[PDB]
Amino acid sequence: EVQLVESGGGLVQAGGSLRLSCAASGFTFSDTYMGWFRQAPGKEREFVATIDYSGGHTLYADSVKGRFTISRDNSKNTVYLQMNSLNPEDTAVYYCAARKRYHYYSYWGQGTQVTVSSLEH
Amino acid sequence: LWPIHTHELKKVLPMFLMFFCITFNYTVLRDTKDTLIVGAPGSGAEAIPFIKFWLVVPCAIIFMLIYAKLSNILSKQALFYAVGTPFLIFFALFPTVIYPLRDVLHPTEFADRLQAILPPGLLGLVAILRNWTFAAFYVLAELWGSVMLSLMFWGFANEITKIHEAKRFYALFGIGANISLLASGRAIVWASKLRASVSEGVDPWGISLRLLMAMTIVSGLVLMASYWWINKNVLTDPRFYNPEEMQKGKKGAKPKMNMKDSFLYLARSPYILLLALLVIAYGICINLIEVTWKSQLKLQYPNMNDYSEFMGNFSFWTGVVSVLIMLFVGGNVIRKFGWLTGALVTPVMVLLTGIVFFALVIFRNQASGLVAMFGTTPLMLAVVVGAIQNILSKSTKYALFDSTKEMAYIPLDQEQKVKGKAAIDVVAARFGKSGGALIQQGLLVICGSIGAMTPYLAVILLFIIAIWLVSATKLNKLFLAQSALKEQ
Ligand SMILES: Nc1ncnc2c1ncn2[C@@H]1O[C@H](COP(=O)(O)OP(=O)(O)OP(=O)(O)O)[C@@H](O)[C@H]1O
């Protein structure tokens, strides 16, 4: 119905790069507000970036501003998140979120786990 | 509107020009003082409640004493000049002499050596000593707004206006205040967006301050010129003005009660007591949210140019909403829905737009993530909600709160009417402001910051609006009853 699914998680190293995917289905992608969140174990779910409806307005978290970039493709239904200069503080399970054009609650995907050169265990 | 006859034009146009210049300067300085204090190094919105009390009101009393002893040695026009020209001298000397030397006059070393001793709540108090020229600018802007607007210009008007003209002239001045809000907002926006001369090494805010103070100086010069013109061409014409008129009312010269001969009149009877409660609650509620809102502004707009540009846009839109109100909801709602609803719109509006604002400020991390899915951060959203609250209050004050105050003043007998009106407008005129400043000072000292005191501001705001709502609901019972027996 509103199936969201992520891809591109894993590990590279402290300072590497990863590109997440949000190959969703089941709604008018041209009329939905997408974005990326993350929830480290023991922390609260914080947002990473959101893409407006076509790429005009992007809103990044102050902790990932300049490093991460979020981009969508209304034709090829998928939301991207190009992660660069990954810090050990970035490790978390990244969820893709989606809010319809006029709704107020966002659907969540199963989330993909991202880890980077595990820091002092 | 333009409800003035054709023959009174020669008398009202200099008056309208004087009022336009005074209100333009008032808005420009009201925005520039916040820009300077909030954006100063080592300062912030926490310095505002400390200034507004420990510098504004003692300098207010000092200036009132100097003015009272000066009015007896100088003539009326000479008094106007001797009071208005120091303002222009300071506003010409500030961006040219005082602001360039701000890194010499300000004792940053002593200021931080002191801040390392005082509790973290007195950061707003050491920011006054760290930016004492900016504090003098704040004091003199407040003193412009008080003296040159409420005392000087309004004494001039009430002296030279005729009773058969007063209503129309004051309505024209009310609409001119909104037109000057529009003009000052556009002018501040322009002077701030004139962040030009891409060649670095110059202060981007220095140029904006020079432009703002230059507009202030030109406006003050036009004010002085219009005052001279209305004195030499109008107040000497036996057709417009003749001192044989206001002598009738000045026979009983204004007996201003000091403080407490009226503090007991606020205890005579529950009517004037509840009305004082309404005025005090308004004065405190408007101030409680402003310091937190200006902290959110300093967070959203770090540099002085963007802060001043936002204050200019805020003034412009305050003017727009004020014009819309004066044109559509001028006297509609009060007579359409009774006195209780008109008196309750302002407290419930402050309550709604304040609980939303304080929820956005307190629950930032909880909101950041649901608001992020709407393109904005809870900081910008809190800035917008606080701006909306301030705009709505400063807009539907004159048409919703003052209109119900003065309407409540009606069913009283003339003696208690005038005496209680003087009592309210002598104590609660500042009592509210000074109390809203002292509450925030105490909360800053106890809690330790603005971010740490905002949960207690919301509880205090709820405790005061509760008093505001219960007093307005009780005052409506004594207002409806006394109005019925007055009919027969
Ligand atoms: N309708 C109005 N239009 C323009 N200016 C006004 C109006 N009513 C009052 N003022 C000016 O604003 C003052 C009323 O209180 P004031 O607005 O100063 O409290 P405030 O909201 O804390 O503002 P400030 O920051 O200047 O203290 C008066 O001194 C007067 O100079």
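Along Cα→Cβ, 7 Å out, is where each label goes; now give me the distance between the ones at A:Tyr104 and B:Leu485 in nm to one decimal.
It works out to 4.9 nm between the two label points.
Quick check on the exposure proxy: order B:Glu8, A:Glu120 from fewest to most C-beta atoms within 10 angstrom.
A:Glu120, B:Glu8
Could you let me know the centre-to-centre spacing of the stretch B:138-202 and the stretch B:329-350, using Cα atoms, in angstrom?
Distance between centres, Cα-based: 27 Å.
Charges only on Cβ, +1 for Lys and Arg, -1 for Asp and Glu: so what's the dipole of chain B about the Cα centre, in debye to the nearest 20?
So the magnitude is around 1140 debye.
Taking the Cα centroid of the stretch B:57-113 and of the stretch B:443-461, what is the distance between the two, rounded to the nearest whole Å?
Measuring centre to centre over Cα atoms gives 33 Å.
What is the spin-label model distance, in nm, from B:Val323 to B:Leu101 if the labels are put 7 Å beyond Cα along the C-beta direction?
The answer from the label model is 4.2 nm.
Using Cα pairs under 8 angstrom and six or more residues apart, how large is the relative contact order of chain A, in percent?
Reported as a whole number, the value is 33 percent.
At a Förster radius of 30 Å, what calculated FRET efficiency corresponds to the Cβ-Cβ distance of A:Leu119 and B:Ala452, to the nearest 0.05?
Calculated transfer efficiency: 0.45.
Placing +1 at every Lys and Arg Cβ and -1 at every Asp and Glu Cβ, with all other atoms neutral, what dipole size does the stretch B:259-483 have around its Cα centre, in debye to the nearest 20?
With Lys and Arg at +1 and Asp and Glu at -1, about 360 debye.
With a cut-off of 8 Å between alpha carbons and a minimum separation of six or more residues, what is the relative contact order of the stretch B:1-248 in percent?
Reported as a whole number, the value is 42 percent.
Projected onto the charge dipole of the stretch B:259-483 (+1 at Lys/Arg Cβ, -1 at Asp/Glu Cβ, origin at the Cα centre), which of B:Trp317, B:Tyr409, B:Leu327 gives the Cα projection farthest towards the positive end?
Going by the Cα projections, it comes out as B:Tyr409.
Could you pull the Rg and Dmax for the protein assembly as shown, using just the Cα atoms, both in Å?
28.4, 93
Can you list the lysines whose alpha carbon sits under 27 Å from that of B:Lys474, skipping same-chain ones fewer than 8 residues off?
Those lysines meeting the cut-off are B:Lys260, B:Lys336, B:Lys394, B:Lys397, B:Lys405, B:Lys417, B:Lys419, B:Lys421, B:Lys433, B:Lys486.
List the DSSP H helices in chain B whose Cα atoms stretch 30 Å or more along the helix axis and whose mean Kyte-Doolittle hydropathy is at least -0.5.
On the way: long enough: B:9-38 (43 Å, 0.86); B:163-193 (45 Å, 0.55); B:204-233 (44 Å, 0.84); B:270-300 (45 Å, 1.25); B:304-328 (35 Å, 0.86); B:332-362 (38 Å, 1.74); B:414-447 (47 Å, 0.36); B:450-487 (53 Å, 1.32).
The qualifying helices are B:9-38, B:163-193, B:204-233, B:270-300, B:304-328, B:332-362, B:414-447, B:450-487.
If I stretch the segment between B:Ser197 and B:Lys10 completely, what's the gain in nm (0.36 nm per residue apart, minus their alpha carbon distance), one decimal?
63.0 nm
Any idea which of B:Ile272, B:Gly145, B:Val222 is furthest toward the positive side of the dipole for the protein assembly as shown, if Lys and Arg beta-carbons carry +1 and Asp and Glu beta-carbons -1?
Farthest towards the positive pole: B:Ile272.
Of A:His103, A:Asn84, A:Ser17, which is farthest along the charge dipole of the stretch A:10-115 in the positive direction, counting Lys and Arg as +1 and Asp and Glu as -1 at C-beta?
Of the options given, the answer is A:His103.
What three numbers, in Å, describe the spread of the alpha carbons of chain B along their principal axes, ordered from the longest?
63, 52, 42
How big is the dipole moment of the protein assembly as shown about its Cα centre under a simple scheme where the beta carbon of each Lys and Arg is +1, that of each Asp and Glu is -1, and everything else is neutral? Debye, nearest 20, please.
Values: 53 positive and 36 negative charges, 382 e Å.
About 1840 debye.
Which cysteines does the protein assembly as shown leave without a neighbouring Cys Cβ under 4.7 Å?
B:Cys21, B:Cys59, B:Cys285, B:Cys447
For the stretch B:94-133, what are Rg and Dmax over the alpha carbons, in angstrom?
Rg then Dmax for the stretch B:94-133, in Å: 11.2, 35.
Set the Förster radius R0 to 22 Å, insert the Cβ-Cβ distance between B:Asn365 and A:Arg67 as r into 1/(1 + (r/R0)^6), and round the FRET efficiency to 0.05.
0.60
Which whole-angstrom value gives the distance between the alpha carbon centres of the stretch A:1-79 and the stretch B:10-34?
Here the two parts' Cα centres lie 52 Å apart.
Where does the stretch A:5-83 land on Rg(C-alpha)/(2.2 N^0.38 Å)?
1.10
Over the stretch B:224-364, what is the relative contact order in percent, taking alpha-carbon pairs closer than 8 angstrom and at least six residues apart?
Over the stretch B:224-364, the number comes to 13 percent.
Here Cβ is always computed from backbone atoms with ideal geometry, including for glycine, and neighbour counts include all displayed protein chains. We did not get these values from a lab; they are worked out from the coordinates using the rules stated.
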